[PDB]
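Okay, start22.txt now, which holds compact mmCIF, C-alpha atoms and all ligand atoms:
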```txt
# COMPACT_ATOMS: atom_id res chain seq x y z
CA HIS A 1 -3.17 17.95 -1.30
CA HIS A 2 0.28 18.52 0.37
CA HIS A 3 -1.42 20.51 3.26
CA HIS A 4 -3.61 17.42 4.15
CA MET A 5 -0.29 15.74 5.27
CA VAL A 6 -0.62 12.86 7.85
CA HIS A 7 2.26 11.22 9.82
CA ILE A 8 1.85 7.40 9.47
CA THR A 9 3.33 4.74 11.81
CA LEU A 10 3.40 1.12 10.48
CA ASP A 11 1.62 -1.29 12.94
CA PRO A 12 3.74 -4.39 13.83
CA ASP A 13 0.51 -6.11 15.12
CA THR A 14 -0.74 -6.25 11.46
CA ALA A 15 2.70 -7.00 9.90
CA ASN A 16 3.19 -10.33 8.05
CA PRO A 17 5.99 -12.02 10.06
CA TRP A 18 8.47 -12.08 7.08
CA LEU A 19 8.42 -8.19 7.24
CA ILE A 20 11.13 -6.14 9.09
CA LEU A 21 9.95 -2.69 10.35
CA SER A 22 12.60 -0.04 11.27
CA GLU A 23 12.47 1.17 14.94
CA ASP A 24 10.68 4.43 13.88
CA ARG A 25 7.88 2.38 12.09
CA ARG A 26 8.54 4.57 8.94
CA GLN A 27 10.30 1.78 6.91
CA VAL A 28 9.18 -1.79 5.96
CA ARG A 29 11.22 -4.44 4.01
CA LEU A 30 11.03 -8.26 3.49
CA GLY A 31 13.34 -10.36 5.77
CA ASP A 32 15.34 -13.44 4.61
CA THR A 33 13.43 -15.42 7.37
CA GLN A 34 10.23 -15.17 9.49
CA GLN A 35 9.75 -13.45 12.95
CA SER A 36 8.21 -15.40 15.88
CA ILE A 37 5.29 -13.12 17.02
CA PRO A 38 1.61 -13.68 18.07
CA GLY A 39 -0.77 -15.29 15.49
CA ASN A 40 -3.32 -12.54 16.43
CA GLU A 41 -6.42 -11.67 14.34
CA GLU A 42 -4.96 -8.43 12.70
CA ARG A 43 -1.83 -10.15 11.29
CA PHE A 44 -1.66 -10.63 7.44
CA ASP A 45 -0.57 -14.34 7.30
CA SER A 46 -0.32 -15.14 3.52
CA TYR A 47 1.34 -12.07 1.84
CA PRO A 48 4.06 -9.56 2.94
CA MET A 49 1.44 -6.91 3.91
CA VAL A 50 1.29 -4.28 6.75
CA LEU A 51 -1.16 -1.46 7.75
CA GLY A 52 -0.60 1.96 9.30
CA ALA A 53 -1.67 2.23 12.99
CA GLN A 54 -3.94 5.15 11.86
CA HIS A 55 -7.71 4.69 11.18
CA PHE A 56 -9.57 7.21 8.95
CA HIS A 57 -13.30 7.68 9.82
CA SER A 58 -13.66 11.02 7.92
CA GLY A 59 -11.80 13.93 6.29
CA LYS A 60 -8.87 14.33 3.85
CA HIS A 61 -5.46 12.67 4.48
CA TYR A 62 -2.22 12.62 2.39
CA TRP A 63 1.19 10.84 2.57
CA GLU A 64 4.21 9.87 0.46
CA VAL A 65 6.39 6.74 0.03
CA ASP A 66 9.86 6.33 -1.53
CA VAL A 67 10.15 3.20 -3.79
CA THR A 68 13.70 3.97 -5.14
CA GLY A 69 15.48 0.80 -6.43
CA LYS A 70 12.37 -1.47 -6.15
CA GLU A 71 11.22 -3.98 -8.82
CA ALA A 72 7.80 -4.50 -7.02
CA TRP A 73 5.52 -3.03 -4.25
CA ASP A 74 1.84 -2.27 -3.37
CA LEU A 75 0.40 0.97 -1.79
CA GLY A 76 -3.06 2.41 -0.94
CA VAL A 77 -5.86 2.10 1.68
CA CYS A 78 -8.21 -0.72 2.76
CA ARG A 79 -11.32 -1.21 4.97
CA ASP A 80 -10.38 -2.04 8.61
CA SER A 81 -12.70 -5.13 7.93
CA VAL A 82 -10.52 -6.60 5.09
CA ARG A 83 -9.71 -10.30 5.78
CA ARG A 84 -6.15 -10.86 7.21
CA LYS A 85 -5.93 -14.69 7.14
CA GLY A 86 -5.66 -16.81 3.96
CA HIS A 87 -5.29 -16.19 0.20
CA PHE A 88 -7.28 -13.53 -1.71
CA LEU A 89 -7.01 -11.28 -4.77
CA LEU A 90 -5.88 -7.67 -3.97
CA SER A 91 -8.64 -5.41 -5.48
CA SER A 92 -11.55 -2.97 -4.70
CA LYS A 93 -13.76 -6.13 -4.82
CA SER A 94 -11.97 -7.26 -1.56
CA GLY A 95 -12.13 -3.70 -0.02
CA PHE A 96 -8.55 -2.53 -0.94
CA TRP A 97 -7.85 0.60 -3.05
CA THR A 98 -4.25 0.03 -4.33
CA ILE A 99 -1.78 0.40 -7.24
CA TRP A 100 1.35 -1.78 -7.59
CA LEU A 101 4.54 -2.54 -9.49
CA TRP A 102 5.37 -6.23 -10.10
CA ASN A 103 8.11 -7.77 -12.35
CA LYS A 104 10.05 -4.43 -12.71
CA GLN A 105 8.20 -1.85 -14.94
CA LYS A 106 4.62 -3.40 -14.98
CA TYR A 107 2.42 -0.86 -13.02
CA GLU A 108 -1.32 -1.72 -12.49
CA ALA A 109 -4.38 -0.45 -10.51
CA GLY A 110 -6.27 -2.95 -8.25
CA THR A 111 -9.56 -2.87 -10.17
CA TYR A 112 -11.35 -6.24 -10.72
CA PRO A 113 -9.78 -7.27 -12.91
CA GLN A 114 -6.55 -5.19 -12.66
CA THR A 115 -6.02 -2.19 -15.08
CA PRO A 116 -2.48 -1.88 -16.59
CA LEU A 117 -1.17 1.75 -16.36
CA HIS A 118 0.84 3.76 -18.99
CA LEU A 119 3.33 5.95 -17.01
CA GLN A 120 5.82 8.23 -18.82
CA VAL A 121 8.18 8.56 -15.75
CA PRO A 122 8.94 5.54 -13.47
CA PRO A 123 7.94 6.95 -10.02
CA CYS A 124 10.77 7.04 -7.37
CA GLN A 125 8.21 8.58 -4.90
CA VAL A 126 4.40 7.92 -4.71
CA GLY A 127 1.81 10.23 -3.10
CA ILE A 128 -1.48 8.69 -1.80
CA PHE A 129 -4.50 11.03 -1.21
CA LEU A 130 -7.76 9.88 0.53
CA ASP A 131 -10.96 12.04 0.45
CA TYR A 132 -13.34 9.99 2.67
CA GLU A 133 -16.55 12.05 2.15
CA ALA A 134 -15.98 12.09 -1.67
CA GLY A 135 -15.29 8.31 -1.52
CA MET A 136 -11.96 8.91 -3.40
CA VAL A 137 -8.39 7.50 -3.32
CA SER A 138 -5.79 8.84 -5.84
CA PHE A 139 -2.06 8.14 -6.55
CA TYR A 140 0.38 10.84 -7.80
CA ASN A 141 3.81 10.40 -9.46
CA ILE A 142 5.90 12.70 -7.16
CA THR A 143 8.86 12.21 -9.59
CA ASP A 144 6.63 13.48 -12.55
CA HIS A 145 5.34 16.84 -11.10
CA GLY A 146 2.67 15.03 -8.98
CA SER A 147 0.93 13.67 -12.15
CA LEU A 148 -2.16 11.44 -11.38
CA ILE A 149 -1.16 7.77 -11.71
CA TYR A 150 -4.72 6.41 -11.05
CA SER A 151 -7.89 7.41 -9.08
CA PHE A 152 -10.63 5.22 -7.52
CA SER A 153 -13.86 7.31 -7.22
CA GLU A 154 -17.51 6.76 -6.05
CA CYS A 155 -15.91 4.37 -3.44
CA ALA A 156 -18.76 5.34 -0.98
CA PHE A 157 -16.92 4.19 2.28
CA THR A 158 -18.73 3.27 5.57
CA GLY A 159 -16.13 1.54 7.82
CA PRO A 160 -12.89 2.94 9.22
CA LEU A 161 -10.09 2.89 6.51
CA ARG A 162 -6.39 1.96 6.95
CA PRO A 163 -3.19 2.87 5.04
CA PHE A 164 -1.78 -0.25 3.28
CA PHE A 165 1.75 -1.27 2.14
CA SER A 166 3.70 -4.21 0.75
CA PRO A 167 7.39 -4.01 -0.14
CA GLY A 168 6.43 -6.84 -2.56
CA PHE A 169 7.99 -10.35 -2.80
CA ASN A 170 11.79 -10.69 -3.52
CA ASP A 171 11.41 -13.41 -6.22
CA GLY A 172 14.07 -11.50 -8.17
CA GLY A 173 16.84 -11.29 -5.51
CA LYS A 174 16.85 -7.56 -6.44
CA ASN A 175 13.83 -6.17 -4.44
CA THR A 176 15.70 -5.96 -1.06
CA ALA A 177 15.23 -2.14 -0.66
CA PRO A 178 12.61 -0.89 1.84
CA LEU A 179 9.53 1.32 1.41
CA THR A 180 10.10 4.65 3.22
CA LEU A 181 7.34 7.09 4.35
CA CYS A 182 8.72 10.58 3.44
CA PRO A 183 8.76 13.26 6.23
CA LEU A 184 6.76 15.90 4.16
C1 LIG B 201 -1.76 -13.75 -8.47
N1 LIG B 201 -3.09 -13.22 -8.74
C2 LIG B 201 -3.31 -11.93 -9.00
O1 LIG B 201 -3.99 -11.54 -9.95
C3 LIG B 201 -2.73 -10.91 -8.03
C4 LIG B 201 -1.48 -10.30 -8.66
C5 LIG B 201 -0.90 -9.17 -7.84
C6 LIG B 201 0.47 -9.04 -7.64
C7 LIG B 201 0.95 -7.98 -6.90
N2 LIG B 201 0.17 -7.06 -6.34
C8 LIG B 201 -1.15 -7.19 -6.51
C9 LIG B 201 -1.72 -8.21 -7.24
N3 LIG B 201 -2.45 -11.47 -6.72
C10 LIG B 201 -3.15 -11.16 -5.63
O2 LIG B 201 -4.15 -10.45 -5.66
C11 LIG B 201 -2.59 -11.67 -4.31
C12 LIG B 201 -1.78 -10.59 -3.58
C13 LIG B 201 -0.34 -10.78 -4.09
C14 LIG B 201 0.73 -10.16 -3.21
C15 LIG B 201 0.45 -8.69 -2.96
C16 LIG B 201 1.67 -7.89 -2.52
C17 LIG B 201 2.75 -8.77 -1.92
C18 LIG B 201 3.24 -9.83 -2.89
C19 LIG B 201 2.13 -10.38 -3.78
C20 LIG B 201 -0.22 -12.29 -4.28
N4 LIG B 201 -1.60 -12.74 -4.46
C21 LIG B 201 -1.89 -14.04 -4.64
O3 LIG B 201 -0.97 -14.87 -4.59
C22 LIG B 201 -3.31 -14.49 -4.91
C23 LIG B 201 -3.41 -16.03 -4.79
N5 LIG B 201 -2.64 -16.63 -5.89
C24 LIG B 201 -4.83 -16.57 -4.72
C25 LIG B 201 -5.92 -15.75 -4.98
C26 LIG B 201 -7.21 -16.25 -4.91
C27 LIG B 201 -7.42 -17.58 -4.60
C28 LIG B 201 -6.36 -18.42 -4.35
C29 LIG B 201 -5.06 -17.92 -4.41
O4 LIG B 201 -3.94 -18.68 -4.18
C30 LIG B 201 -4.02 -19.80 -3.31
```
Rewrite the structure from the file as structure tokens, please.
Ligand SMILES: CNC(=O)[C@H](Cc1ccncc1)NC(=O)[C@@H]1C[C@@H](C2CCCCC2)CN1C(=O)C[C@H](N)c1ccccc1OC
Amino acid sequence: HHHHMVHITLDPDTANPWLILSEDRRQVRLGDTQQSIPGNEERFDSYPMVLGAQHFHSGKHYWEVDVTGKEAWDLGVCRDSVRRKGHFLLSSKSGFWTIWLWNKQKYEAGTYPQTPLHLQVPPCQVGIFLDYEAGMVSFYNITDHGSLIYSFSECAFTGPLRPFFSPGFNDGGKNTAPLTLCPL
């Protein structure tokens, strides 16, 4: 899957305004306050969420994310069509294919309802693989020899798809650290 590597740039036009993106659009973290930026149609308004600029219409695509020091986060892909504005449940039923950590050490897949995961090694790095034609998205524990964390299959897929990130909420005080997309 390593050879299907893709270079992803976070899109500030989708970014929830509490989010702070590094200049190179390779890092995202949650600010202590809220940016003043357009209320445009792509912007996630309710939750600290951001997409990659990239759209996947076909083919196989792979990337990695550092989560070192983080008590919560959310990673995966979603339909370009997913709703941006207002409250919703993160799941395949809303057109997102994600896993997450919340409340330090509780890992779960975004099934409806959510599936708790039994991991042997807390991941410091997460790999995300998309096979469009096979309607598949899978999550590997880079820290544990690239062991499969979880796989969504028979996803079908018709629209364009988007990479998806949240550095999580900081209700904790201790989730300040950013997500980082690893150079590969
Ligand atoms: C709390 N309900 C849940 O089961 C999960 C839990 C969850 C936590 C973390 N990662 C994924 C899932 N929440 C959601 O699906 C969404 C996304 C979530 C975000 C995502 C990453 C940034 C920080 C947290 C916060 N969340 C809501 O708050 C929903 C919300 N409560 C709501 C859903 C419907 C109808 C009215 C409604 O509230 C008005």
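Shortest separation to residue 43 in chain A among A:13, A:71, A:23, A:66 occurs at residue A:13, atoms counted being only C-alpha atoms.
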Padding 5 Å on every side, please: axis-aligned box over the listed atoms of ligand LIG 201 (chain B), centre and edge lengths to one decimal in Å, as JSON.
```
{"center_x": -2.1, "center_y": -13.4, "center_z": -5.9, "size_x": 20.7, "size_y": 22.7, "size_z": 18.0}
```
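Closest approach to residue 119 in chain A among A:28, A:14, A:139, A:35: A:139, based on all atoms listed in the file.
Minimum distance to ligand LIG 201 (chain B) across A:7, A:57, A:29, A:87 (counting only C-alpha atoms and all ligand atoms) occurs at A:87.
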(request) Using only C-alpha atoms and all ligand atoms, determine which residues fall within 12 Å of ligand LIG 201 (chain B), then list them as number ranges by chain. (result) A: 15-16, 18-19, 29-30, 44-50, 71-76, 84-104, 106-116, 164-171, 175
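Reported to one decimal place, the separation of CA of residue 25 in chain A from CA of residue 151 in chain A is 26.9 Å.
Summary of the local environment: counting only C-alpha atoms, residues at most 6 Å from residue 80 in chain A, other than itself and those fewer than 4 positions away along its chain, are residues 160, 161 and 162 of chain A.
CA of residue 60 in chain A is found 17.8 Å from CA of residue 181 in chain A.
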From CA of residue 59 in chain A to CA of residue 138 in chain A the spacing works out at 14.5 Å
Q. Around (10.9, 3.3, -15.4) in the file's own coordinates, what residues are found within 6 Å if you use only C-alpha atoms, given back as a ChimeraX atom specification?
A. /A:105,121-122
Restricting to only C-alpha atoms, whichever of A:51, A:78, A:137, A:20 is closest to residue 34 in chain A is A:20
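Nearest-residue note for residue 36 in chain A: choosing from A:126, A:135, A:53, A:17, the minimum distance belongs to A:17, counting all atoms listed in the file.
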Judged by all atoms listed in the file, the minimum distance to residue 136 in chain A among A:62, A:9, A:118, A:184 is found for A:62
Within 12 Å of (2.8, 9.2, -17.0), in the coordinates the file gives, what residues turn up when you count only C-alpha atoms, written out as a VMD selection string? chain A and resid 107 117 to 123 139 to 150
